[PDB]
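Have a look below at one chain only, the form deposited in one PDB entry, in structure tokens format.
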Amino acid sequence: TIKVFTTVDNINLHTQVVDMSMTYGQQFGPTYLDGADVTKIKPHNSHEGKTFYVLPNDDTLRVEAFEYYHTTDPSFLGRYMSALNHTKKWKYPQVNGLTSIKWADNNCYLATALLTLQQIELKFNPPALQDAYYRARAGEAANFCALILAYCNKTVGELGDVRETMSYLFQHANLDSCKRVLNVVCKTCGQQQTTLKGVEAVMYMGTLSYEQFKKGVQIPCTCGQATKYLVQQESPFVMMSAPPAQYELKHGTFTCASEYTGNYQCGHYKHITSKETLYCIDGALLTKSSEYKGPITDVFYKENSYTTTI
């Protein structure tokens, strides 16, 4: 026999006692240790005193599960533990003061998102996301990367899009105060203004230039071509995205950007960040230059309050 702590959040610990004749699944259900499925494994002598993750099987664990993860998905823990088994083996080197990831298991899009998150202002709603976010900014990013995969319904090795990953993460963050007011001017229909809140207010797909979005872009109208432009923007940042194309990044005019080279889906991401000079972070590799020209698909800008002059 061995005394054992079970948990769903690694906060509230529930004392249990097991007999070593029965595997952990026979007494706790699906059980995990440091990301390893110890369900069909009988208790060992070193397993005494440790804390294990268990699938919620009573109401107390279900409530503690939601309050920490903000999900009731019964598959979340398993997917989370399965990713952590890989992410805990990745290397997370410090590059230019930022925590990056050495290349492994097609994680280039995860490293780019990780580096981007360390340069924009985000408050995550699930306490599990926020705690791992803090630990990741301090260098321990294995649990944060595993949570990103689980929250995005992606597995280790799967090909990932950075813009889609940031969008899913934005939906789990507090962006209620974010507001975008647009105005569409059609030659026949007239003018009409709409207001966007939340995640829809901080992302645009179509162009990389924040200035071009302020000056207006061409969109088709219901009557078959109108023009939309940005009237007001209330957000700590904006994300401008477009299909990969050659683009010149000027120092001091942007926060960071996503470079994408190669074919659709199976390409490779690099991260460009604007400090005292332009830096390029490719996993564990770092290069710098005063100017940059390359295939860019995401650009991030700082913002607070903006009102047009039209």
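Position 1 is the first residue in the sequence shown; the rest follow in order. Rigid core: the largest C-alpha set superposing within 1.5 Å between the two forms.
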{"query": "Between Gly224 and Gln225 - deposited residues without coordinates, as a size class", "finding": "1 to 3"}
{"query": "Residue stretch of maximal mean CA temperature factor, 92-100 vs 173-181", "finding": "173-181"}
{"query": "Stretch with the greater mean C-alpha B-factor as recorded in the entry, comparing 268-276 against 30-38", "finding": "30-38"}
{"query": "Which of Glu48, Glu64, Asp58, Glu259 ranks first by CA B-factor in the deposited coordinates", "finding": "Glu48"}
{"query": "C-alpha B-factor winner, where the candidates are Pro74, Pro236, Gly160, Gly190", "finding": "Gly190"}
{"query": "Chain-relative CA temperature factor third for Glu211", "finding": "highest"}
{"query": "Third of the chain's Cα B-factor distribution that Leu286 belongs to, per the entry", "finding": "middle"}
{"query": "Chain third (lowest, middle, highest) by recorded CA B-factor, residue given as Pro220", "finding": "highest"}
{"query": "Lowest, middle or highest third - CA B-factor, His251", "finding": "middle"}
{"query": "Lowest, middle or highest third - CA B-factor, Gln130", "finding": "middle"}
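Not pictured, yet referred to below: the form deposited in another entry.
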| query | finding |
| --- | --- |
| Core-superposed comparison between this form and the one not shown: the option from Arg62, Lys42, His70, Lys275 whose CA moves 2 angstroms or more | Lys42 |
| C-alpha of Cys186 moved at least 2 Å between this form and the one not shown on rigid core | yes |
| Core superposition between this form and the one not shown, C-alpha change of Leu33 at least 2 Å | yes |
| Rigid-core frame, C-alpha of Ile219, shift of 2 angstroms or more between this form and the one not shown | yes |
